[PDB]
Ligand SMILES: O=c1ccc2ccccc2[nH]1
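Taking the form solved without quinolin-2(1H)-one (OCH), here's one chain by itself in structure tokens.
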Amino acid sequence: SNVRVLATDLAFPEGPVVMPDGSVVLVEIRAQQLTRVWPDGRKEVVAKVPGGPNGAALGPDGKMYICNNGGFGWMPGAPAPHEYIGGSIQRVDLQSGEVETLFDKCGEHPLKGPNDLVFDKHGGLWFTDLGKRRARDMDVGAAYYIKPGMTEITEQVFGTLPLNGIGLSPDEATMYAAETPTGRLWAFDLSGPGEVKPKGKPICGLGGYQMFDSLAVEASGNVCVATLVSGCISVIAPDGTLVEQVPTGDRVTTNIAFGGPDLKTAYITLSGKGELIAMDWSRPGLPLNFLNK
């Protein structure tokens, strides 16, 4: 586990997407932008994304899809009314910087705080909703699926505590969602693309005072979840066994993505220190659709 710092002075980094050349496109939630970090050290702003760009994934159209949580109040907190512009799913052209809003509601219900996302092999898009905190109450968590072609958005999970990381199993027959305040990883069986069948179960709950953020799946099927408070990556087996906890040095570790040769480098956002780091990983990551395979 040879650790290296790839970038600093990032304004709450999140949503890393590791390109084939080892460059990383990621979101800076506090600076409201999509940023490109190159292996020669240089950084460039790809696009300004007003609000709270929170997670990213490359899509079948070659554009970068974004979960926009609508803004926080800044460490993040509950957004004062004016700092919140509504949650949405957006798309960014990585060549022009043009930002287009795709969805801001599902049925008659506005999206609250979209958080992270993952494409299935048909181009359908899963995403979590962490909800928003208000003065005396908070939204429940949810997960959504957008049908291939971006034709329709559907609610698949609703009424958990806030949901954050999301991924698919290698065979894409199971969707995983991390429940932030409880440090529980939930597994949902899929009867087919985009469709949960009964709605799921927690396969792992960490002890102590530990909370979950975003995640990435390994080719083995293990789920690697960024763990807040204790500052590590929690590696969870498909059967829920806690395989290991890899310390990162930052209590606000928020996300992980695999890249490099054989997808055996982990790229991790340390959102407390404002850093993107890389770490050797003993097992290869699961290739993401429309990025790695």
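Start at 1 with the first residue shown and count on from there.
There is another form of the same protein, the form solved in complex with quinolin-2(1H)-one (OCH); it is not shown, and what comes next is about it.
Q: Please identify, from 232-240, 41-49, 251-259, 57-65, the stretch that has a heavy atom within 4.5 Å of quinolin-2(1H)-one (OCH) in the entry with it bound.
A: Among the listed stretches, the partner-contacting one is 251-259.
Q: Among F103, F188, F72, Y145, which has any heavy atom within 4.5 Å of quinolin-2(1H)-one (OCH) in the entry with it bound?
A: Looking at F103, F188, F72, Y145 one by one, just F72 meets the 4.5 Å heavy-atom criterion.
Q: Exactly one residue in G221, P76, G86, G205 has a non-hydrogen atom within 4.5 Å of quinolin-2(1H)-one (OCH) in the entry with it bound; which is it?
A: Spelling it out, the residue with a heavy atom inside the cut-off is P76.
Q: In the entry with it bound, does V37 come within 4.5 Å of quinolin-2(1H)-one (OCH), counting heavy atoms only?
A: No - in the entry with it bound, heavy atoms of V37 and quinolin-2(1H)-one (OCH) never come within 4.5 Å of each other.
Q: Contact with quinolin-2(1H)-one (OCH) in the entry with it bound for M175, defined as at least one heavy atom pair within 4.5 Å: yes or no?
A: So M175 does not count as contacting quinolin-2(1H)-one (OCH).
Q: Going by a heavy atom distance of 4.5 Å, is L263 a contact of quinolin-2(1H)-one (OCH) in the entry with it bound?
A: No.
Q: Residue-level question: is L228 within 4.5 Å of quinolin-2(1H)-one (OCH) in the entry with it bound, judged on heavy atoms?
A: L228: contacts quinolin-2(1H)-one (OCH) in the entry with it bound.
Q: Using a 4.5 Å heavy atom cut-off, are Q90, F119 and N289 all in contact with quinolin-2(1H)-one (OCH) in the entry with it bound?
A: Spot residues vs quinolin-2(1H)-one (OCH): no contact at all.
Q: Which residues from 122-146 come close to quinolin-2(1H)-one (OCH) in the entry with it bound, meaning a heavy atom within 4.5 Å?
A: Counting only heavy atoms within 4.5 Å of quinolin-2(1H)-one (OCH) in the entry with it bound, the single contacting residue of 122-146 is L130.
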